[PDB]
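Let me begin by presenting the structure, written as structure tokens, before commenting on it.
Residues: numbered from 1 along the sequence shown. Only this structure's heavy atoms are used, side chains among them; waters, hydrogens and symmetry mates stay out.
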Amino acid sequence: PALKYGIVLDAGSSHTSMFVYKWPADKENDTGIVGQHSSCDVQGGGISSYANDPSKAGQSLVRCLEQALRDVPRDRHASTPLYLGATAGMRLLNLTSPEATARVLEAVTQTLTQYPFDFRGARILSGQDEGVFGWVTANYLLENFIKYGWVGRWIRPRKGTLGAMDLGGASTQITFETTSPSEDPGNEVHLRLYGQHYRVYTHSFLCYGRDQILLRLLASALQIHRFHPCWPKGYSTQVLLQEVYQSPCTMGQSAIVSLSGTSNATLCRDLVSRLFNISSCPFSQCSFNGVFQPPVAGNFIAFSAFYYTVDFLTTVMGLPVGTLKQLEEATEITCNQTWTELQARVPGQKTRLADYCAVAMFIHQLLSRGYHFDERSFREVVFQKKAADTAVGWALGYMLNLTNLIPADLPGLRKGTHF
Ligand SMILES: Nc1ncnc2c1ncn2[C@@H]1O[C@H](COP(=O)(O)NP(=O)(O)O)[C@@H](O)[C@H]1O
Ligand SMILES: [Ca+2]
């Protein structure tokens, strides 16, 4: 079977990853057929971290692009499409400096056009794209778009689809199929996939990614407490104020100050709860910050930093997280650890360790008070980062859309048998 290939660079706020996908030439339109062939993690920061030195943005991709030449067979280089899609890191930079944004985009374009792949552009995704393409990825890999049954006996209602929650470094997305009336066009999505219509809700909360939330909690802690109740007792660091306050997410809230943790789970909870404005809703129902959201429903996969954080809680802390009440207890126990106690659980490298308490607490509030999961809906949420040997994220769904590999309708409308 002759294989075709495709490459997406996911240029996220904190890192770039390259994914290489392969599929058989003559089965390319079947759902669930495309899979991941390989991947590469670019060393250092995301492309937006090179705003003041844009040529390094392109250079940073070279090691992974060299790997792609070895991963994809040589006779196939020229007809392999390559895409770069950039997310909230580049969206935040476009707020600060559209000129610096264009120069970063020009530097990666210039590097990518030097390679023999069919280079199809470097683009910034909208938040909607980001959310919807992650939802397409998860459901395509799990074959949720197959029409189940057979003639004279189709399953009814049709197979449910998996909602997607993506916790990135600078934004977070929530996307799910819904039968609720749409009250905000900015959230409303209609897809036509394999002959079927899917009514989907999506929203992207810019500045509610993990790294921007950790910055906002640091600015907040500095302002209200002059200690960090989410960091563990005995941990301290020298905080550079210009770094804290340069983000568009924190400029809302001495060059160096010392800041220490206090392991105070209750003050940590109070600090995180200030992130969610629930006072005002111009719609019949909101998530938070005045944003329209219909009731969460169906199964969900929570990936990226949702997965990594819960995996810390289950695997390193040894704590169960099957209910919202367990996840909340796991958070308190984590936040109550001292720095020596936390460090004694992690024999190897400790980067991110002081932050798990804050992120876990944000995730618990995001789900229960942001999105209004309760014990009943939360039971339908799985934390996973892979499906069918393929990393879950927006890259695959992006590549599928741009390469036109999901047909709106089946061939001949399958003789109309699905009508
Ligand atoms: N091992 C880990 N433990 C906890 N968090 C981890 C992790 N590995 C990556 N992450 C976090 O996932 C997030 C991935 O986000 P990105 O794709 O870089 N940000 P965006 O442009 O999608 O908004 C980062 O915050 C990263 O630090
Ligand atoms: Ca991301």
Side-chain angles (χ1 to χ4, degrees), residues 14 167 169-170 172 207-247 249-278 288 305-306 308-321 324-370:
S14 67
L167 180 54
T172 188
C207 300
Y208 283 79
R210 168 187 180 289
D211 298 330
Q212 296 293 329
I213 286 291
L214 286 166
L215 288 179
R216 288 159 70 179
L217 289 174
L218 181 39
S220 196
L222 280 163
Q223 177 167 18
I224 299 168
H225 298 300
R226 292 184 311 155
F227 58 73
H228 200 326
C230 305
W231 282 350
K233 212 174 42 136
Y235 173 85
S236 68
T237 192
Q238 298 305 290
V239 175
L240 187 63
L241 295 188
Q242 168 254 290
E243 301 213 273
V244 173
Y245 291 112
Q246 72 190 3
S247 171
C249 304
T250 56
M251 57 182 57
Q253 297 162 264
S254 296
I256 292 165
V257 322
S258 178
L259 190 69
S260 299
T262 63
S263 300
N264 189 323
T266 301
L267 283 181
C268 185
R269 184 198 63 187
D270 290 352
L271 208 64
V272 164
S273 76
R274 296 185 171 72
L275 298 166
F276 301 100
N277 185 331
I278 65 193
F288 60 102
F306 290 116
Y308 299 120
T309 303
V310 163
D311 179 50
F312 175 79
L313 291 174
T314 52
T315 305
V316 173
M317 305 295 299
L319 289 171
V321 304
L324 284 174
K325 173 175 170 179
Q326 286 166 346
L327 170 56
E328 184 178 22
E329 297 169 320
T331 305
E332 298 175 46
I333 289 178
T334 306
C335 295
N336 289 334
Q337 300 286 273
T338 69
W339 180 227
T340 68
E341 278 158 2
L342 196 49
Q343 273 193 278
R345 298 158 176 286
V346 178
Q349 57 81 25
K350 284 148 186 75
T351 69
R352 309 199 170 84
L353 189 53
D355 292 327
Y356 283 103
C357 161
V359 179
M361 182 73 69
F362 165 71
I363 287 164
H364 175 260
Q365 294 194 26
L366 185 62
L367 301 179
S368 55
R369 85 166 67 183

More than 12 non-hydrogen atoms from neighbouring residues, nucleotides or ligands closer than 6.0 Å to CD1 on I224, yes or no?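 Check passes, neighbour count above 12.
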
Crowded around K325 NZ? As in, over 12 foreign heavy atoms under 6.0 Å?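 At most 12 heavy atoms, drawn from other residues, nucleotides or ligands, come within 6.0 Å of this atom.
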
Apply side chain to side chain contact (heavy atoms under 4.5 Å, CB included) to residues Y356 and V316 and explain how you reach the verdict. CA-CA 11 Å; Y356 283 103; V316 173; over 6 Å; no

Test side-chain hydrogen bond (donor to acceptor under 3.5 Å, both in side chains) applied to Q223 - qualifying residues, sequence neighbours left out: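 side-chain hydrogen bond (donor to acceptor under 3.5 Å, both in side chains) check on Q223 returns nothing, list empty.
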
Partners passing side-chain hydrogen bond (donor to acceptor under 3.5 Å, both in side chains) against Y208 (at least two apart in sequence or in another chain):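 Expected list: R216, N289.
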
How about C357 and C268, are their SG atoms within less than 2.5 Å of each other?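 Not so, these two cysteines form no disulfide.
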
Are side-chain heavy atoms of [X] and [Y] found at a separation under 4.5 Å?
| X | Y | answer |
| --- | --- | --- |
| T338 | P232 | no |
| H225 | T262 | no |
| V359 | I213 | no |
| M317 | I333 | yes |
| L240 | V244 | no |
| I363 | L367 | yes |
| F306 | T172 | yes |
| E329 | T334 | no |

Return the minimal non-hydrogen interatomic distance between [X] and [Y], and the atom names on each side.
| X | Y | result |
| --- | --- | --- |
| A354 | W339 | N-CZ3, 4.0 Å |
| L241 | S254 | CD1-O, 3.4 Å |
| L267 | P229 | CB-CB, 3.4 Å |
| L313 | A360 | CD1-CB, 4.1 Å |
| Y245 | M251 | O-CB, 3.3 Å |
| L217 | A358 | CD1-CB, 3.9 Å |

What distance do [X] atom [atom1] and [Y] atom [atom2] have between them, rounded to the nearest 0.5 Å?
| X | Y | atom1 | atom2 | value |
| --- | --- | --- | --- | --- |
| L259 | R226 | CG | CZ | 10.5 Å |
| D270 | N264 | CG | CG | 8.5 Å |
| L215 | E243 | CG | CD | 8.5 Å |
| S220 | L271 | OG | CG | 4.5 Å |
| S263 | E341 | OG | CD | 7.5 Å |
| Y235 | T340 | OH | OG1 | 15.0 Å |

For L214 and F362: C-alpha separation, side-chain torsions, deciding distance, then whether side chain to side chain contact (heavy atoms under 4.5 Å, CB included) applies. CA-CA 9 Å; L214 286 166; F362 165 71; over 6 Å; no

Run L222 and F227 through side chain to side chain contact (heavy atoms under 4.5 Å, CB included) and show every step you take. CA-CA 7 Å; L222 280 163; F227 58 73; over 6 Å; no

Check for a donor-acceptor pair, side chain of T237 on one end and backbone N or O of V239 on the other, with a separation under 3.5 Å.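 No: the side chain of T237 does not pair with the backbone of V239.
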
So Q365 and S273, side chain to side chain donor-acceptor pair (under 3.5 Å) or not? Walk me through it. CA-CA 7 Å; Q365 294 194 26; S273 76; 4.6 Å; no

Return yes if a side-chain donor-acceptor contact under 3.5 Å exists between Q337 and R345, otherwise no.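 There is such a pair between these side chains.
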
Assess the residue pair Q343 and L353 against the criterion (side chain to side chain contact (heavy atoms under 4.5 Å, CB included)); give the C-alpha distance rounded to whole Å, side-chain angles, the decisive distance to 0.1 Å, and a yes or no. CA-CA 8 Å; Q343 273 193 278; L353 189 53; 4.2 Å; yes

